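*Asks:* Curious how this folds, go ahead:
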Amino acid sequence: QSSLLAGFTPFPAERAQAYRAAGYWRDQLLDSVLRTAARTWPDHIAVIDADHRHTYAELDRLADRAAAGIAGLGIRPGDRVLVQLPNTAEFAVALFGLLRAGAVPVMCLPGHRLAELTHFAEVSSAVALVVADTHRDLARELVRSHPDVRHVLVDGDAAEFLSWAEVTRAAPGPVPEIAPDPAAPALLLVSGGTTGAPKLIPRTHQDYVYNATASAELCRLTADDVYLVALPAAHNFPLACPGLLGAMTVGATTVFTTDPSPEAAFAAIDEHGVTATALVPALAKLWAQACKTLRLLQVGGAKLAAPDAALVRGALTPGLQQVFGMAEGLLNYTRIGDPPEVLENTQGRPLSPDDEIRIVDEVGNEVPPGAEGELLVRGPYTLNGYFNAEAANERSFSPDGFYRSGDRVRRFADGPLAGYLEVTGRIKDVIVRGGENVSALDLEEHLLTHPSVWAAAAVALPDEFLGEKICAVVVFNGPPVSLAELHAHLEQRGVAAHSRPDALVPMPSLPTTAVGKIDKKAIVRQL
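*Replies:* Residues are numbered from 1 along each chain as shown. Here you go:
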């Protein structure tokens, strides 16, 4: 019954064995993080929010009960379930509840709407949807277009749907007996991409437990730390970097908050004795100019400018840690004892000894040490393909199996910042068409959302009226489609006529560099 394996690109056997031999992959299921924590620190507080708090022993039972309830609706191991919940202790009840039923949760962010969730349901073959009332009209239009979503569970006023409280609490059961492959997907994360269809990222039990454990070790988390979840709990960053899960691997307390604004957050920190939190640079800067127990302030999600880094660890805490990471895998951290110049001018270095980074040029070659290039990555917790996204996989990965991040970075080869990364921007691909600076990359993403377009390349051709015209070189799926049809598709998606291709050219396949990126200079010297 599991197309779970159908959408999944596994880790190659030899790399998997290597990661097991090195102690990264420990053969235990994701939900065992709670189980083991519950056996070790039964009476330590596990999770806190405004109105509730649960010890590890109390949380362990709740997840068990939630799991029996979920299995009771007919949700079976491998089934994917869309999840969209606020920052509540209940988020933890749902995550491990779902995991213990053997379901594979899809971690949706609060800013996702019907278009996103609909596409997620389609990609994941989701059979259910968990939501909170602070969304019902959303669930209604979702099940209409995707009947396979047989269950809607609402934390709050359920209306016509199921009550999350009813189903998970006071619903007897035996707790289902499951046995997933730990090298198979435990959950699906959402990719913070472009426009663009968002993608789903499969994280295996093996690599996600490692991602949390290793991160919590690096951050030196102990049972005494109190981590504040200020970002949306379903995002990779506060979920496992080290986040709630990493916190749970050491028996630390996790505090959820709905309001990460300075006044409310400063209040929460003093009350619960918060020692750690993660923010984005905009929010870190806001807290700083709003101004102990805090000792670790992680900042990630976009580049912290060094003056703003300065502000942050002069006004908030010297215990700044820069984090450059992605839901797809690779995490770069500054280390806990690192010199101030490293905290303020770098975005860290890889989490794992066996994280492999390549910094390459536009041809696909390894750039000279210290030069800028595109970051490519492969390692013990980096995906080998997106879930159920064969066209995106051909496009997004190296032939060797390195993920192409689209990030422009340099690794300093000399000086006091040696060994560390700096993020300098995004790889760009601009076509100068008339008075418009058109992005080939986002034009290509738009064209790819057509069911007839398998692969696409927007290329610049010298033109006498426009300077450069836009040639869409396309690999079609079924029968080809005319430019006017593609133009109609682009307009419905909101692309103006000044960014639509002037010409359409079909090819049986697109040429690529030795890194898998479309070889556009080659496509030009044809056509």
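*Asks:* contacts and neighbour counts: CA atoms only from here.
*Replies:* Fine.
*Asks:* who touches stretch 454-471?
*Replies:* The contact list for stretch 454-471 (Cα atoms under 8 Å, 6 or more residues apart in numbering) reads 391, 395, 431-434, 440-441, 443-444, 447-448, 472-477, 500-505, 509-510, 518, 520, 523-524.
*Asks:* what's the helix or strand for the residue positioned nearest the centre of the chain?
*Replies:* Residue closest to the average C-alpha location in the chain (Cα atoms, centre = their mean): residue 327, at 2.7 Å. Using DSSP states H and E, residue 327 sits in no helix or strand.
*Asks:* Give the closest residue to it in space, chain neighbours not counted.
*Replies:* The spatially closest residue to residue 327, leaving aside those adjacent along the chain, is residue 236, at 5.5 Å (Cα to Cα, 6 or more residues apart in numbering).
*Asks:* Around the one you found, count how many other residues there are.
*Replies:* The number of residues packed around residue 236, counting by other Cα atoms under 10 Å, is 24.
*Asks:* State the phi and psi torsions of it.
*Replies:* The phi and psi values for residue 236, taken as degrees, to the nearest 10, are phi -40, psi -40.
*Asks:* can you pull the contacts of it?
*Replies:* 189, 326, 327.
*Asks:* and if we set it to 10 Å?
*Replies:* By Cα atoms under 10 Å, 6 or more residues apart in numbering, residue 236 lies in contact with 107, 189-191, 208, 211-212, 242-243, 325-329.
*Asks:* And it, how close does it get to residue 276?
*Replies:* Here residue 236 is placed at a distance of 16 Å from residue 276 (Cα to Cα, to the nearest Å).
*Asks:* cool, and residue 110?
*Replies:* Distance from residue 110 to residue 276, counting by Cα to Cα: 23 Å.
*Asks:* So residue 417 sits against residue 410, correct?
*Replies:* No. Using Cα atoms under 10 Å, residue 417 makes no contact with residue 410, being 11.2 Å away.
*Asks:* Of the two, which one has the most company?
*Replies:* Comparing residue 417 with residue 410 by other Cα under 10 Å, the one with more neighbours is residue 410, at 23 against 18.
*Asks:* Ramachandran coordinates for the more buried one?
*Replies:* Dihedral angles of residue 410 (phi, psi; degrees, to the nearest 10) stand at phi -140, psi 150.
*Asks:* Contact partners for it?
*Replies:* Residues counted as contacts of residue 410 (Cα under 10 Å, 6+ apart) are 359-360, 367-375, 419-424.
*Asks:* wait, which of the contacts of residue 236 is closest to residue 150?
*Replies:* Closest approach between these and residue 150, by Cα to Cα: residue 107, at 18.4 Å.
*Asks:* Neighbours of the closest one, how many?
*Replies:* Residues near residue 107, counting by other Cα under 10 Å, number 24.
*Asks:* Go ahead and confirm it touches residue 81.
*Replies:* Yes. Applying Cα under 10 Å, one finds residue 107 in contact with residue 81, separated by 8.9 Å.
*Asks:* where do the contact lists of those two overlap?
*Replies:* Shared contacts of residue 107 and residue 81, defined by Cα under 10 Å, 6+ apart, comprise 120, 187, 188.
*Asks:* got the end-to-end distance for stretch 339-350?
*Replies:* End-to-end distance for stretch 339-350: 17 Å, by Cα to Cα.
*Asks:* List the buried residues of it.
*Replies:* Applying a neighbour-count criterion of 16 or more other Cα atoms under 10 Å, the buried positions in stretch 339-350 are 342, 343, 344, 345, 346, 347, 348, 349, 350.
*Asks:* now the strands for the stretch 51-200 of the chain?
*Replies:* For the stretch 51-200 of the chain, the strands defined by DSSP state E, counting those that start in this stretch occupy 53-55, 80-84, 104-107, 128-132, 151-155, 162-163, 185-190, 200-204.
*Asks:* what's the shortest one in contact with?
*Replies:* Where contact means Cα under 10 Å, 6+ apart, the residues beyond strand 162-163 that reach it are 73, 130, 131, 132, 151, 152, 153, 154, 155, 156, 157, 169.
*Asks:* residues touching residue 174, list them.
*Replies:* If you count contacts by Cα under 10 Å, 6+ apart, residue 174 has them with 64, 65, 67, 68, 69, 71, 72.
*Asks:* Quick check: closest non-adjacent residue to the second one.
*Replies:* In this case it means residue 65. Excluding the flanking residues, the one nearest residue 65 by Cα to Cα, 6+ apart is residue 168, at 6.0 Å.
*Asks:* Residue 287 contacts residue 297, doesn't it?
*Replies:* No. Using Cα under 10 Å, residue 287 is not in contact with residue 297; the gap is 11.3 Å.
*Asks:* okay, and the common contacts of the two?
*Replies:* Both residue 287 and residue 297 are in contact with 279, 312, 316, where contact means Cα under 10 Å, 6+ apart.
*Asks:* Quickly list the domain ranges of this structure.
*Replies:* As assigned by curated CATH domains, the chain contains the domains 1-428, 429-527.
*Asks:* Quick check: which of the ones you listed is buried the most?
*Replies:* With neighbours defined as mean count of other Cα atoms under 10 Å, those peak in mean count at domain 1-428, which reaches a mean of 20.
*Asks:* Start and end of that domain, how far apart?
*Replies:* Start to finish, the residues bounding domain 1-428 are 42 Å apart (Cα to Cα).
*Asks:* Please identify which of the strands of the stretch 51-200 of the chain is closest to residue 22.
*Replies:* Among these, if distance is taken as Cα to Cα, the winner is strand 200-204, at 17.1 Å.
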